[PDB]
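The form deposited in one PDB entry is given below as one chain in structure tokens.
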């Protein structure tokens, strides 16, 4: 892809986080083939001496005693001399990968998790606004994790994001309302986070633990850690966290109708480990937030659609109360404009355009119609930034930043064209977006930016976006005009 940021193979860095141990076994005899360099933390022997040994000569008796539930369930609690660990199995590169990390210490964790689930599944949840839904999600994740700061981050259409909601303990700074470049979470990270929806960085200053040997011998590259809970993340991102002053990080993918919509991101000022089962409990909260957001958005669409049909019916009542079409459309100007949330409309019904509300002048409308008659758009054309495609109205964002045009005739230049002004938007970037990274001379090592201080820009010349309900209303009104 575009950036050098996009090229780092984050699933092939060959490192795990220091609080866990990884062992990968090969074949029907379960021979140890890859092992983390710290594995004496649970094995007792130098890990290199155990490569090639079958699982029964490698793992502690306590783990072997749980082998059947581990294999059949993929996850089991094991009590080791170091304490309670969660053992996790997955498959990668033709190997069975066993990961061990400290297990949840609170027996009541799941009881607590169900209580916070009740907040997000509550009878009629989000009846205060979808902002209230986002805030409850941040608050419940903060309550369940104990992280200092929890943020709801939504990706915009160009893959840059903004913090929509924040929950944090007193005295903490935050990022509420701030925008971050698309390169802060590059394309291969977004792809990984669509498939693996959770990631914990327990200690942002800890050094990674390498795997032994550094390649899977059959493949000649490091073991694929895509599905590994212990994977050590990109060094550039660890520097980014350090530049933010963050000691530990935990994020969850928000997958809404199958696409990566955003993240819940959590920051702690000191190292902090969250158990596997507690991370999975937080995942339930994020899935519930996605479902609540979907329910509310679809309900909003249904309500908007009903309003559009009601307007079409009110306009039909007004027609045939007497008078010509032009008289009725002028008398019912507010209803005609409300069909598409517009500030003006031009109707080309055979003669000069009938201008209702705020439109460009007759000459400019006539020129736009002659241009529209050449473009290929079936029945409807819409844009929220007319000036980028139609330079004659680029300076007229006061009345024509966006248009929605519908055809009223197969070949003839007969149209209804609704108009919208620009909506200026002042946004605060977390750091200068013109300098989204600090590469070294030669552009070969790359570092994150050092500053996240607010940097203000105002976006101009773009209207509110045309909504699905606006487009349907316009198609429905074509029949009254044809």
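Basically, rigid core = biggest C-alpha set you can superpose within 1.5 Å across the two forms. Numbering follows the first chain given and starts at 1.
In this entry, the higher average B-factor at the C-alpha atoms falls on 315-323, of the pair 315-323 and 216-224. Comparing the deposited coordinates for 286-294 and 111-119, the stretch with the larger average C-alpha B-factor is 111-119.
When the Cα B-factors of 448, 421, 60, 431 are read from the PDB record, 60 comes out highest. Between the residues 37, 50, 34, 417, it is 50 that shows the highest Cα B-factor in the PDB record.
Annotation for residue 351: C-alpha temperature factor in the highest third relative to the rest of the modelled chain, per the entry.
When the modelled residues of the chain are ordered by their C-alpha B factor, residue 380 lands in the highest third. Sorting the modelled residues of the chain by their CA temperature factor places residue 74 in the highest third.
When the modelled residues of the chain are ordered by their C-alpha B factor, residue 159 lands in the middle third. The PDB entry assigns residue 388 a C-alpha temperature factor belonging to the highest third of its chain's modelled residues.
Missing here is the form deposited in another entry; even so, the following discussion is about that form.
Superposing the rigid core between the shown form and the other one leaves a single residue from 407, 308, 199, 237 with a C-alpha shift of at least 2 Å: 308.
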